[PDB]
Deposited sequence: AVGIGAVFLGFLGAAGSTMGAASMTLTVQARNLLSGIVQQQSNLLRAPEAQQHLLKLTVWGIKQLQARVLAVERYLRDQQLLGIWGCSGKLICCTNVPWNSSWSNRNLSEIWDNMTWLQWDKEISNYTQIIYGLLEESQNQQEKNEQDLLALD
């Protein structure tokens, strides 16, 4: 137990085992028209705003309320040719995001439709 962001320098495989320690600090903390009130309130709205933006994607991919979901889109190696032991036992999430940064918007696309069509297939299957 290293704490919030404690494994930020640890390997992707290691940090992936302490995901709740970052998940619970995503909308809690300590956050009249005075300058401190105008300040403290928009800090309250900004936290809930960004939290629901991430949860919306997590829902539109079919991963609502789970910290690790497997998907159906395959890994286009042009995103990252690196190997599994080269990733999870070598790189940290910070440098990984720096490498895969451009393709995230693309990956977020096929994740969106892979669920929207899977929702359509389970509805055909349940029609029997």
Not represented among the modelled residues are deposited positions 1-7, 39-55, 153
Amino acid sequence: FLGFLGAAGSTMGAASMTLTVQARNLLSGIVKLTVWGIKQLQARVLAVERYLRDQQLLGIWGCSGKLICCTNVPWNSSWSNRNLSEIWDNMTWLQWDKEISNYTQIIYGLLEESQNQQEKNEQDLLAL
From here on, numbers count along this sequence of modelled residues.
Which has the higher mean CA temperature factor in the PDB entry, 66-74 or 53-61? 66-74
Please work out which of 103-111 and 7-15 has the higher mean CA B-factor as recorded in the PDB entry. 103-111
Given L84, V48, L33, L41, the residue at which the Cα B factor reaches its maximum: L33
Pull the Cα B-factor of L27 out of the PDB entry and bin it into the chain's lowest, middle or highest third. highest
